[PDB]
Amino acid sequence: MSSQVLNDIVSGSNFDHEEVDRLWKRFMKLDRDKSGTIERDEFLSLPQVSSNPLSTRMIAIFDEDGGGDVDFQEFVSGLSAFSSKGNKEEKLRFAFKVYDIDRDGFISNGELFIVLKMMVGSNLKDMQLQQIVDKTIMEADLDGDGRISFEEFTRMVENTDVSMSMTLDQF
């Protein structure tokens, strides 16, 4: 259905040609129906994925254009932020995108509640979770628009090693 230039995927990412060749093999393992794209069900058919509270966030982040499936360029770009060769900013950007459900570049009150609730379940009552979301926004929202920009996010998490969290040792 499509074409792509492997050298451009290489130069546009943190990966070298050998790594991208290996990534193509992993992509084919995922692409069970050999369509050339990873459909939602092809992610969710992995038990380690369907049982993970952030599965729908990771799928959505991979699907850069929001078109409903993941092509090889999107697969490589999504993984590139986790390279040990990657920088501090792109790892913070990936973390920001976990919370920014509608991809508009700001975390809203409701987005932050929804994503946190995915992970905490009934460990917090809705009122409790809403209260600490509200106060985090109150503290992070320096320009007063009720939402959290990428710059406001990075300021809040200065003392967290987000780079360590957002790296994979082996590709």
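In this text, residue numbers run from 1 along the sequence as written.
The deposited model assigns a higher average Cα B-factor to 159-167 than to the other stretch when 8-16 and 159-167 are compared. Legend: mean Cα B-factor per stretch from the PDB entry, 54-62 versus 128-136; the higher mean is in 54-62.
Across the options 107, 46, 30, 120, the residue with the most elevated CA B-factor in the record is 46. Remark: residue 87 belongs to the highest third of its chain, ranked by C-alpha B-factor as recorded. Residue-level temperature factors show residue 36 in the lowest third of its chain, judged at the C-alpha atom.
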